[PDB]
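Visitor: There's a structure below that I have some questions on.
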Amino acid sequence: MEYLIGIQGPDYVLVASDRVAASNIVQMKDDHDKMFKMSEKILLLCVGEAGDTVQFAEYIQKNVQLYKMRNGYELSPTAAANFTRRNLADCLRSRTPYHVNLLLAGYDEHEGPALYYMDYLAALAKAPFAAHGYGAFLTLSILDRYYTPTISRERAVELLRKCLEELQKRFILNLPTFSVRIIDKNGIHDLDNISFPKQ
Amino acid sequence: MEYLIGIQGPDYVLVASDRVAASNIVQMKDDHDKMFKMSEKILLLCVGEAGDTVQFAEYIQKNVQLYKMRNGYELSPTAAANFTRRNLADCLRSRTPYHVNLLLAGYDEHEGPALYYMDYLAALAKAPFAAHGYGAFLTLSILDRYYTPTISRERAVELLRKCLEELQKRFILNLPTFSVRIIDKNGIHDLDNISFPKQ
Amino acid sequence: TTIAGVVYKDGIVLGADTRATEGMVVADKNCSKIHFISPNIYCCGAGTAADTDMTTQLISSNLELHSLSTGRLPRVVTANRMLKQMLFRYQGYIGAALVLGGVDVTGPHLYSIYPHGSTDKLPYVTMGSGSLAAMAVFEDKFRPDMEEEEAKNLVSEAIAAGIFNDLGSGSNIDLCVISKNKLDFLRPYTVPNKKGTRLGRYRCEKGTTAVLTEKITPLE
Amino acid sequence: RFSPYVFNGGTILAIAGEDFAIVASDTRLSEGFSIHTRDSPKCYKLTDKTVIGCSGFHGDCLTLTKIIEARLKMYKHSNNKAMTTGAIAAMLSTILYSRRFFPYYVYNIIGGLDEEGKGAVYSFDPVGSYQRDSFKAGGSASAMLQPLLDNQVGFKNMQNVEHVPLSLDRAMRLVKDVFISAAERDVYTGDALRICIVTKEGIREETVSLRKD
Amino acid sequence: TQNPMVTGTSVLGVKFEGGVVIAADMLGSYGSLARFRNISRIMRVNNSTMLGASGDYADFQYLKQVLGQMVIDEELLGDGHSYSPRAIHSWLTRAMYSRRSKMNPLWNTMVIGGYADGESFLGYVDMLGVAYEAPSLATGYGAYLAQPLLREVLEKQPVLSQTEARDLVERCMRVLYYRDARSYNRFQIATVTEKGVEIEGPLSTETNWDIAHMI
Amino acid sequence: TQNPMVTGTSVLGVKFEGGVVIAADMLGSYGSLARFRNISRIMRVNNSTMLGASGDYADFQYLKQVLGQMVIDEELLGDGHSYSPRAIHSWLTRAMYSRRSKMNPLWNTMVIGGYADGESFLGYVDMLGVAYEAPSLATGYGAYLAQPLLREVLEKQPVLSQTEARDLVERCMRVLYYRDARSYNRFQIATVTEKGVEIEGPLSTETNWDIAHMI
Amino acid sequence: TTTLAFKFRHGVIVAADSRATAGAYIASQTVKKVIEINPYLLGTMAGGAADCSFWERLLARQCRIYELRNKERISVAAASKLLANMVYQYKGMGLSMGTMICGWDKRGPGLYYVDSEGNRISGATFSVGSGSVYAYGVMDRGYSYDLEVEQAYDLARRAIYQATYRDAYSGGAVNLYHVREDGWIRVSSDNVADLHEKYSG
Amino acid sequence: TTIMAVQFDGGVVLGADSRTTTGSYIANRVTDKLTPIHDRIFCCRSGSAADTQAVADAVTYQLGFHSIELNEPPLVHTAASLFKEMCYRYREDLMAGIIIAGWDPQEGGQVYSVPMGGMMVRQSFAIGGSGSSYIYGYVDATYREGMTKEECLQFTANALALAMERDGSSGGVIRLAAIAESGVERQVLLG
Amino acid sequence: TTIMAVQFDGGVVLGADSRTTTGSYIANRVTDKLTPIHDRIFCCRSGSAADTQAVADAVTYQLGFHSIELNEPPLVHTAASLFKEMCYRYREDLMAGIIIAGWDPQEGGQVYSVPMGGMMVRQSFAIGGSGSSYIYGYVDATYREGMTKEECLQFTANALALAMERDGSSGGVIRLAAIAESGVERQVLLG
Amino acid sequence: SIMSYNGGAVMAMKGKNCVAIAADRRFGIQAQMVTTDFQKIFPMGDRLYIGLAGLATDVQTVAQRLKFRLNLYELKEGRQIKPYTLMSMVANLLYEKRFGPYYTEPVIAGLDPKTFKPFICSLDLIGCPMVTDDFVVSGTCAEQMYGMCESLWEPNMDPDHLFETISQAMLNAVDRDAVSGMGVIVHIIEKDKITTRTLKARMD
């Protein structure tokens, strides 16, 4: 229903999102934030059931903040991704099934950048690019077309421009404004809000 | 699903439409035309079932063109609107139910301008403004707010600007470009294509 | 699946095929549907294959625990009482069709156990999908107090009737003879069907397959 | 309630040769878990150069066979000639579509020579689509026979394998081997293997036994 | 017919040297109730062919009415022709298939035994238009019970005499009296030869209950 | 209880001057089958109160077991107290309401007649916890048939003697023998007074069939 | 199943895959999905194979009779109108048909789109199939009206390749036709396994 | 509903109850179950109420028209054939339990049975209805070949009394009919 | 399935068939329907197969433990009370048709009936099972108060033979049991 | 079905003195692939592997629960695990979830930890073991894999022709399947070394 994207580089992770909080037919909030800073080098979006997206991001946030506060250092993005897959798979066979769909985007000091994938059936997948929502059916061709494993981040933003102009050409949705982060050796950096003017 | 509007003036009928031909999740055609010139002073949009919208407009088109070709003069907009209500109400109780939703917009030489309304249950309603689709739930407040029975057509286009800027603010749809006609004592006049730029 | 058993004048003869199907595709050409319980009692299973396997091991574990405590030989009515009480508690959700047979101090005893808990003491039983074919062989050609070689002819005839008439059956025939002292277990007894020879040489030599990336890891 | 359909079984194989056509089928007619008979071939000599196979629901197979046999005679009394191989496949597609909303449950394969003496195999579906192929296998054991002939006849997925045309004698042992392997894993594959060979000189039949389980 | 009210049960049939023997019992049942203890389930078509049936009995009286008329219709021509047992088997197949195609079938299962031109014929007819030929036929639970007894002897010895075949049916009818819940100890045996069609009377079996003392 | 197996039928009751009379029949039915021709459907609680019931009979034996114990429990105290007929009517109401609140009701319909302190009591208890008081009660089809006969006399004359009330029940039990499909010509009449509880024997009615000659 | 069609300065380009499946089982790899109607018209296949094969064959029957009576080839908008009226009579009975109509006309190029749901729209670019959404994105990034002939071949060729690479039901071989003013012409028929080695480097 | 029919040497003996129900309510105390089609041929009807009244009028229409054209007394087997043709043709729409009995000059007394399916069979004694299931054991042991007329009137009286006692559907009053060459005798009993 | 129980002066007489079915297939030709709980108290079981075998083991467990603690022969009414407590408590999960009969020193022969509901009643003769519906009329007219033992063995033999003949569910062979003060006599008949 | 949600195929084959196992590489959701590097073969000690197919949740779940119990077994005892011991261990772990079952079908291949003796088996989703002597298969495209190995397997085969037989068995069966593909990895292990190769398959 809402769209995310996962361009992975050689030493950087380029993630983007949308800012639309949907409703019945109307658009209540148009500057929503799907992002959740877990640590200094690990981000977390979320897509899924409207009550479930908030609390599981809040639940995974604190348990990772326990690890840094007790042991004095940060989780790796690999160990962080495999802690999330445990909690969804355990309480899947339960009276309260869980329904969210989101990866991780992390930078390791030893292993460099990394990108994962997650379904609501809790399956992990190391991937060089990924997407969710219905826009994945219209953008995984372009991002497969114009891809290079040794791409630069200036081309990657320009590649993200190509991925986003096909969104507001053949959709039945609105999706005006898109928020973008970037993760490197120096941590979380906020790029500008990618938007499309109306007039 | 798609949006129409029916601003009625003292001596003019201002109608507008959209140009989007929808699909599953994609937008196949973005310069569609819902309009059907029945005669020199009677127009006809259509909204409904994807197979039914074309043929009933084609069926009502020819039977009105028979009347002008046999008797040598045009139907009134009142007699034209009541011919359409007969054909939907007759074949409603049938093995092939009919599912479309559209009024008429006509100018009489004696009675002046006129605007009707139609449901898929075939009910007529003389109205001073009307709308269909889900956008009627977000525009019948503004058009009730800034209305005057003695409004001028320059204000009416400006009123149509106010009606359309609230569309691309709180929707879950795209709807970029809107086609506009105007009917007067001189017949059908085509105004410019109202659009909203992307960049 | 076709299992059967009979009580002759000195012991009990059991038999089955070795086909285990899956859907409509033969999954196992040589299965094993005769199980160990005690040195005098065996059991044949039918129905859900994992439900018969996990049940027949628990009772055989309990009777080994029971007989080693008593220091004696188990009785067939003990194994009957455990199975009809366990399967009744699970309300028939565990689908296990069983044939229970053994020789006690009291002599030979044969039982049939249905997956709800109903049990029957009979001189001869059939269970399984092709059980109707083997039962027609029994009623046509039964007589009481047969000998051992007459009974081994009868069961191997009845199991073969379910082979050539039922789709779910058809493989090599198992037998077992349990008597007062002798215990015989025959994993092949009669091979009714073979596989035809391969006529065409289909082998292309080494190098006819494209390989992208190889990797070698030595061991010790 | 009264359900009008049931599955019977059978497996049909056709191979388009260079100047021949081989049609093979088993003879088991089963229903549910039981065997009705062990002698029920699926081969039907339509003309001197065309053999059809029919699988699926057996009541529709007997009906659909007798419809085609009438229209062959209706062609000949109206046109003073016999139908070709492709003309029968074009006629059959309209017959299968003619009951679009109450369909036959029948998988059809037509093999035979063309008007130039080459093997032609036309596969079908229960609604009416068709195409010309080099080899098809239809019926219950259709999934166990298609990928093997891709390796042998199609010569796919092999490096440095030459493309020799399939001879007549090499094609005979290819048919006799695949039904042995199909009879091991399928429960519907029966006992007698009726093999019809359509050449430019007539139609030869041949029966090979399988395992009787 | 959507619901069979009064039903029959298994019908047996097997070829022998110069003829076909067919046996069935004489019971009509309404559910678990054995309501009609004395009915006939075998129709003697004219001289060389013969019919027995299972399933709904009210539909069987309908086909008894129709087939009875068609045999009279050719005899009144008097041209020296008759219906072969294969032609009746071909006719009855098209009757079933056209009936089920209108979603209103005839709840039966019919066995046709015939002997013409020195050729024993034995044909099967299903409700769903399934038809074939076999040296031995069985309907209902007899296809599960008596059919393994029929095929075992015939695959050992292909041909049979008349006395061998007649005794073998009485053994199979005995077994069906034990294991079928809706059988009855009163049956009749009908046999075609080159001399014509002959139907025997209400015969019965002899059971064995010596295993009842074994607890 | 989700399915009543063996059921009773209509139970009548009406007050009079110094007592309550209650009558019911002696039949237990399993569907249309009149299986148990001889059962008792009236329990004599200790000295001043009295119970009859309709609905499922196996549930009635359960409440016969429980109420029988509670009366013994107070008599063993011996403090000079007893349960009033209203207190049993109050107790039995809470038993029904708590039972239906667990979605597992007791399929009954109970009538309590009592006479204590010179006061005739007549109480109703439904399966759904509906309870009230009335000068005349009727369950089942008796609420459709005998209840118009009861209210017609009582609204004309409010009080009744014992012989007037006893004869009027026999007229209503006669009418229920005609028009109820699941009634029986064998009933018993139970009556409380100040002298105690007395239950009469298996009485019967006298029908009239003179209209059968009228075609 | 993945088809696409687009018109430009030099006519219309039509491309499609060749795989037809049955549930999770692949029936064949060599299905000719672009149904050749005339020397001047082309039709596609979408969803129901026998439904698209029958009615387009029936559509060719009416176009031939129209030419014999009127001494003129039929127009592209005419043939799309006849097909929409025939399928509408069986509406709600479960027909699967989402084909396209291509051909040259006196008014220039012709491209229409007919569904089994009564849809009949014109346009410039289309993509039909289960893997159609993978073809819209790569084509619209590379589409222009002023393209060359060799340029328009390689755009439509890779666009089918990117669809079959992502989709499971699409695959096989890539057929490619070119509709010109005189009539259509077959361009090529390439295997996906051969294109994979081409676009790897 | 319980119907009864026993033939004897001279003719037949019919019998039925009188109770007509709806749900658990007696719609009618006394009801003529047996129906005079012809002067020598009766039938007793069971199953649906409105169906069996409509079928019995049409057979009386057809047999009455046919017998005058015969100028002959009709056969009992002829009348039972007409119920078979209607009940088999409309077996999807009817619930009829007809038993046809009556004396015939050619063949004496005859009893036929047409159950809900639409078949036809001749019997020595026929019972039907919902309450007929309770007297299968009594009617087998008590029946003896070679009864007089008065034994058959005693035979059917005890048979219907046991069904009325045990069944909740059957009851009311006992109606009898004795058809012979001499005439038709009808009576109403109790006990 | 047809079970039979008749008391007399000295004791009781039991009887049942032997046929055990599943659908329309005979799972077992001969079957002990009657069950020896105690040396003087039997029961004949009906309804489900696995349920009634499980209930009869638990009552034999409880009554056997209680009677040794009594150091007394148990009462027949005591044993019939134990079936009532189990069948009423688990009436949502069981289909049991138990008839309890047996001789008692305090009271002589007794026959109790516990149907599928869970109630209990004492009768002079009790029948049950699926085939018991066909012999309601026969058992009412034939029964006479004040029989000997040999008349009751004749009475139950004809009663089960009529049910076995008419019912498709019942059949097989006839097993009988006669419980008195002297002992228990068991036999197997035909006819 | 639930098994056909992600798809997959696992094949093992016994040779003369060596054993081989292979699987595909595609990870997808019902029409749409995601990646080509989803691991389905997991090492359990040396000269002994295991393959998993079915629902990708239970693939990653059971392979970690089995690894949980395996390291506890090899530390309480000093030795490694025998292949029969592992088959009884997996059949226990699936039968515990008798009514809430895991949707996977394991395949075990390996050698004797004492000799060169190979071992193959496969299990149901509830835990019925099944040992053979030639091959075991699992996954959605099961019937295509039976048609290969019944027509290509020979009893006594060197490690070269064993590699060539299991390669042609996978490349012809998986390309006939729709939801499985995108590369095949092949493990061929023996007494002295472990060889892992990746084949050149159709990427469509």
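Following the order of the structure tokens, chains are lettered A, B, ..., residues in each are numbered from 1, and ligands are numbered from 1.
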Using only C-alpha atoms, which chain A residues lie at most 12 Å away from chain B, written as a CSV table (one decimal) with N, CA, C and O atoms, in the first residue's frame?

Guide:
```csv
chain,number,residue,atom,x,y,z
A,1,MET,N,0.8,-1.2,0.0
A,1,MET,CA,0.0,0.0,0.0
A,1,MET,C,0.9,1.3,0.0
A,1,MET,O,0.6,2.2,-0.7
A,2,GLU,N,2.0,1.2,0.8
A,2,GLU,CA,2.9,2.3,0.8
A,2,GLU,C,4.3,1.7,0.4
A,2,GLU,O,4.6,0.5,0.6
A,20,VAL,N,3.3,9.6,3.6
A,20,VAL,CA,1.8,9.6,3.6
A,20,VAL,C,1.3,8.6,4.7
A,20,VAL,O,1.6,7.4,4.7
A,21,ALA,N,0.4,9.1,5.6
A,21,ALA,CA,-0.3,8.3,6.5
A,21,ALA,C,-1.7,8.2,6.0
A,21,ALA,O,-2.5,9.2,6.0
A,22,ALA,N,-2.1,7.0,5.5
A,22,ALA,CA,-3.4,6.9,4.8
A,22,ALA,C,-4.6,6.8,5.8
A,22,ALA,O,-4.4,6.8,7.0
A,23,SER,N,-5.8,6.7,5.2
A,23,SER,CA,-7.0,6.6,5.9
A,23,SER,C,-8.0,5.8,5.0
A,23,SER,O,-7.5,5.1,4.1
A,24,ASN,N,-9.3,6.0,5.2
A,24,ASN,CA,-10.3,5.4,4.4
A,24,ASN,C,-10.2,5.8,2.9
A,24,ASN,O,-9.9,4.9,2.1
A,25,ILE,N,-10.4,7.0,2.6
A,25,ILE,CA,-10.2,7.5,1.2
A,25,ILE,C,-9.4,8.8,1.2
A,25,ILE,O,-8.9,9.2,0.2
A,26,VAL,N,-9.2,9.3,2.4
A,26,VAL,CA,-8.6,10.6,2.6
A,26,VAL,C,-7.1,10.4,3.1
A,26,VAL,O,-6.7,9.3,3.4
A,27,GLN,N,-6.4,11.5,3.1
A,27,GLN,CA,-5.0,11.5,3.5
A,27,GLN,C,-4.9,12.4,4.7
A,27,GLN,O,-4.9,13.7,4.6
A,28,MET,N,-4.8,11.8,5.9
A,28,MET,CA,-4.8,12.6,7.1
A,28,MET,C,-3.5,13.3,7.4
A,28,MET,O,-3.5,14.5,7.6
A,29,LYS,N,-2.4,12.6,7.4
A,29,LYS,CA,-1.1,13.1,7.6
A,29,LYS,C,-0.2,12.9,6.4
A,29,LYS,O,-0.1,11.8,5.9
A,30,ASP,N,0.5,14.0,6.0
A,30,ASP,CA,1.3,13.9,4.8
A,30,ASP,C,2.8,14.2,5.1
A,30,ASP,O,3.5,14.5,4.2
A,133,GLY,N,5.6,-2.9,-0.8
A,133,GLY,CA,4.4,-2.2,-1.3
A,133,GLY,C,4.1,-2.6,-2.8
A,133,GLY,O,4.8,-3.5,-3.4
A,134,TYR,N,3.1,-2.0,-3.3
A,134,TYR,CA,2.7,-2.3,-4.7
A,134,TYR,C,3.7,-1.6,-5.7
A,134,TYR,O,3.7,-2.0,-6.9
A,135,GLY,N,4.4,-0.6,-5.3
A,135,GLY,CA,5.4,0.0,-6.2
A,135,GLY,C,6.6,-0.8,-6.5
A,135,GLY,O,7.3,-0.5,-7.4
A,136,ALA,N,6.8,-1.9,-5.8
A,136,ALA,CA,7.8,-2.9,-6.1
A,136,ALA,C,7.6,-3.6,-7.4
A,136,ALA,O,8.5,-4.0,-8.1
A,137,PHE,N,6.3,-3.7,-7.8
A,137,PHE,CA,5.9,-4.3,-9.1
A,137,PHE,C,6.2,-3.4,-10.2
A,137,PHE,O,6.2,-3.9,-11.4
A,138,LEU,N,6.5,-2.1,-10.0
A,138,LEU,CA,6.8,-1.2,-11.1
A,138,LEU,C,8.2,-0.6,-11.0
A,138,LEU,O,8.5,0.2,-11.9
A,161,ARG,N,16.1,9.0,-8.7
A,161,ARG,CA,15.3,9.9,-9.4
A,161,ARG,C,14.5,9.2,-10.5
A,161,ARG,O,13.4,9.4,-10.8
A,164,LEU,N,11.7,7.1,-9.1
A,164,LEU,CA,10.6,7.8,-8.5
A,164,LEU,C,9.8,8.5,-9.5
A,164,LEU,O,8.6,8.8,-9.3
A,165,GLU,N,10.3,8.8,-10.7
A,165,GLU,CA,9.5,9.4,-11.7
A,165,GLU,C,8.6,8.5,-12.4
A,165,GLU,O,7.5,8.9,-13.0
A,166,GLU,N,8.9,7.2,-12.4
A,166,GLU,CA,7.9,6.2,-12.8
A,166,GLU,C,6.8,5.9,-11.8
A,166,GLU,O,5.9,5.2,-12.2
A,167,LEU,N,7.0,6.3,-10.6
A,167,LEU,CA,5.9,6.2,-9.6
A,167,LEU,C,4.8,7.1,-9.9
A,167,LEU,O,3.6,6.6,-10.0
A,168,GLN,N,5.0,8.4,-10.1
A,168,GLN,CA,4.0,9.3,-10.4
A,168,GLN,C,3.8,9.5,-11.9
A,168,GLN,O,3.7,10.6,-12.5
A,169,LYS,N,3.7,8.3,-12.6
A,169,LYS,CA,3.3,8.3,-14.0
A,169,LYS,C,2.2,7.2,-14.2
A,169,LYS,O,1.3,7.5,-15.0
A,170,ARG,N,2.3,6.1,-13.5
A,170,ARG,CA,1.4,5.0,-13.8
A,170,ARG,C,0.9,4.4,-12.4
A,170,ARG,O,0.9,3.2,-12.2
A,171,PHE,N,0.4,5.3,-11.5
A,171,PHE,CA,-0.2,4.8,-10.3
A,171,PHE,C,-1.6,5.3,-10.2
A,171,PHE,O,-2.1,6.2,-10.8
A,172,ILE,N,-2.3,4.5,-9.3
A,172,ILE,CA,-3.6,4.9,-8.8
A,172,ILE,C,-3.5,5.6,-7.4
A,172,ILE,O,-4.5,5.7,-6.7
A,173,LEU,N,-2.3,5.9,-7.0
A,173,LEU,CA,-2.0,6.5,-5.7
A,173,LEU,C,-1.5,7.9,-5.9
A,173,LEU,O,-1.2,8.4,-7.0
A,174,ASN,N,-1.3,8.7,-4.8
A,174,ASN,CA,-0.9,10.0,-4.8
A,174,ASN,C,0.6,10.1,-4.6
A,174,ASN,O,1.4,10.5,-5.5
A,175,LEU,N,1.1,9.8,-3.4
A,175,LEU,CA,2.5,9.7,-2.9
A,175,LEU,C,3.4,10.9,-3.3
A,175,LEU,O,4.3,10.8,-4.2
A,176,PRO,N,3.1,12.1,-2.7
A,176,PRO,CA,3.9,13.3,-3.2
A,176,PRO,C,5.3,13.4,-2.7
A,176,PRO,O,6.2,13.8,-3.6
A,177,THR,N,5.6,13.2,-1.5
A,177,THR,CA,6.9,13.6,-0.9
A,177,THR,C,7.5,12.3,-0.3
A,177,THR,O,6.9,11.5,0.4
A,194,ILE,N,12.7,14.5,-0.8
A,194,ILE,CA,12.4,14.5,-2.2
A,194,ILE,C,10.9,14.6,-2.4
A,194,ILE,O,10.1,13.9,-1.8
A,195,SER,N,10.5,15.6,-3.2
A,195,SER,CA,9.1,15.9,-3.4
A,195,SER,C,8.8,16.1,-4.9
A,195,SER,O,9.7,16.1,-5.7
A,196,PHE,N,7.6,16.4,-5.2
A,196,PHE,CA,7.1,16.7,-6.5
A,196,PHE,C,6.1,17.8,-6.3
A,196,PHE,O,5.1,17.6,-5.7
A,197,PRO,N,6.3,19.0,-6.9
A,197,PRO,CA,5.4,20.1,-6.8
A,197,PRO,C,4.1,19.9,-7.5
A,197,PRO,O,4.1,19.1,-8.5
A,198,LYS,N,3.0,20.5,-7.1
A,198,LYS,CA,1.7,20.3,-7.6
A,198,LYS,C,1.4,21.3,-8.7
A,198,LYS,O,0.7,20.9,-9.7
A,199,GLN,N,1.8,22.5,-8.6
A,199,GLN,CA,1.5,23.6,-9.6
A,199,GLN,C,2.7,23.7,-10.6
A,199,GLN,O,3.9,23.5,-10.2
```

Visitor: Pick out each residue of stretch 20-147 of chain E that DSSP on the backbone tags as helix (DSSP H, G or I); I need them as a PyMOL selection string.

Guide: chain E and resi 57-75+85-100+142-147

Visitor: May I have the residues within 10 Å of residue J:187 as a list in words, using only C-alpha atoms and disregarding those fewer than 6 positions away in the same chain?

Guide: residues 214 and 215 of chain C; 12, 19, 20, 21, 22, 23, 41, 49, 163, 194, 195, 196, 197 and 198 of chain J

Visitor: Limited to N, CA, C and O atoms, could you put the picked residues into a file as an mmCIF file, in the first residue's frame?

Guide:
```
data_model
loop_
_atom_site.group_PDB
_atom_site.id
_atom_site.type_symbol
_atom_site.label_atom_id
_atom_site.label_comp_id
_atom_site.auth_asym_id
_atom_site.auth_seq_id
_atom_site.Cartn_x
_atom_site.Cartn_y
_atom_site.Cartn_z
ATOM 1 N N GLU C 214 33.672 -23.925 -9.103
ATOM 2 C CA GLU C 214 33.991 -25.093 -8.298
ATOM 3 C C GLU C 214 34.677 -24.676 -7.002
ATOM 4 O O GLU C 214 35.145 -23.546 -6.855
ATOM 5 N N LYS C 215 34.737 -25.616 -6.059
ATOM 6 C CA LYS C 215 35.310 -25.348 -4.746
ATOM 7 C C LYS C 215 35.726 -26.664 -4.109
ATOM 8 O O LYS C 215 34.941 -27.615 -4.087
ATOM 9 N N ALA J 12 18.959 -35.763 -3.219
ATOM 10 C CA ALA J 12 20.156 -36.469 -2.795
ATOM 11 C C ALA J 12 20.259 -37.781 -3.556
ATOM 12 O O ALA J 12 19.248 -38.361 -3.956
ATOM 13 N N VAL J 19 28.545 -39.705 -1.806
ATOM 14 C CA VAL J 19 27.149 -39.300 -1.855
ATOM 15 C C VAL J 19 27.096 -37.854 -2.329
ATOM 16 O O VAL J 19 28.028 -37.073 -2.109
ATOM 17 N N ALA J 20 26.025 -37.513 -3.045
ATOM 18 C CA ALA J 20 25.855 -36.180 -3.602
ATOM 19 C C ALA J 20 24.485 -35.631 -3.245
ATOM 20 O O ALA J 20 23.514 -36.376 -3.105
ATOM 21 N N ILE J 21 24.422 -34.309 -3.110
ATOM 22 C CA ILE J 21 23.202 -33.610 -2.741
ATOM 23 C C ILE J 21 23.180 -32.280 -3.485
ATOM 24 O O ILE J 21 24.224 -31.676 -3.749
ATOM 25 N N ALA J 22 21.984 -31.848 -3.878
ATOM 26 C CA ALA J 22 21.856 -30.629 -4.658
ATOM 27 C C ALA J 22 20.520 -29.966 -4.370
ATOM 28 O O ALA J 22 19.559 -30.612 -3.944
ATOM 29 N N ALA J 23 20.471 -28.661 -4.619
ATOM 30 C CA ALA J 23 19.255 -27.882 -4.452
ATOM 31 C C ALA J 23 19.306 -26.688 -5.393
ATOM 32 O O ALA J 23 20.324 -26.420 -6.034
ATOM 33 N N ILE J 41 20.921 -25.922 1.982
ATOM 34 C CA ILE J 41 21.738 -27.041 2.431
ATOM 35 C C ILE J 41 22.628 -26.548 3.559
ATOM 36 O O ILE J 41 23.357 -25.564 3.396
ATOM 37 N N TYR J 49 25.617 -33.643 5.542
ATOM 38 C CA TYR J 49 24.846 -32.422 5.337
ATOM 39 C C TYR J 49 23.365 -32.696 5.567
ATOM 40 O O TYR J 49 22.954 -33.815 5.874
ATOM 41 N N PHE J 163 28.365 -37.117 -10.469
ATOM 42 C CA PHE J 163 28.167 -35.689 -10.671
ATOM 43 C C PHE J 163 27.405 -35.410 -11.956
ATOM 44 O O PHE J 163 26.550 -34.520 -11.994
ATOM 45 N N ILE J 194 35.660 -32.518 0.076
ATOM 46 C CA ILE J 194 34.314 -32.036 -0.200
ATOM 47 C C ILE J 194 34.385 -31.107 -1.400
ATOM 48 O O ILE J 194 35.147 -30.135 -1.393
ATOM 49 N N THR J 195 33.594 -31.405 -2.424
ATOM 50 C CA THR J 195 33.572 -30.624 -3.650
ATOM 51 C C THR J 195 32.213 -29.960 -3.807
ATOM 52 O O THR J 195 31.179 -30.633 -3.753
ATOM 53 N N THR J 196 32.220 -28.644 -4.000
ATOM 54 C CA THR J 196 31.008 -27.854 -4.160
ATOM 55 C C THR J 196 31.073 -27.113 -5.485
ATOM 56 O O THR J 196 32.002 -26.333 -5.715
ATOM 57 N N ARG J 197 30.093 -27.349 -6.349
ATOM 58 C CA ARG J 197 30.045 -26.685 -7.639
ATOM 59 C C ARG J 197 28.693 -26.023 -7.845
ATOM 60 O O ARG J 197 27.687 -26.428 -7.258
ATOM 61 N N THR J 198 28.686 -24.995 -8.688
ATOM 62 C CA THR J 198 27.472 -24.309 -9.105
ATOM 63 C C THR J 198 27.309 -24.488 -10.605
ATOM 64 O O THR J 198 28.261 -24.285 -11.364
#
```

Visitor: Measure the distance from atom CA of residue I:137 to atom CA of residue I:157 in Å and round it to one decimal.

Guide: 15.8 Å

Visitor: Pull out every residue of chain C sitting within 7 Å of chain D, counting only C-alpha atoms, and send them as a PyMOL selection string.

Guide: chain C and resi 24-26+163-167+170+193-194+196+198-200+208-210

Visitor: What are the residues of chain G lining chain D at 10 Å or less? Count only C-alpha atoms, and put the answer as number ranges by chain.

Guide: G: 25-28, 30-32, 48-54, 93-95
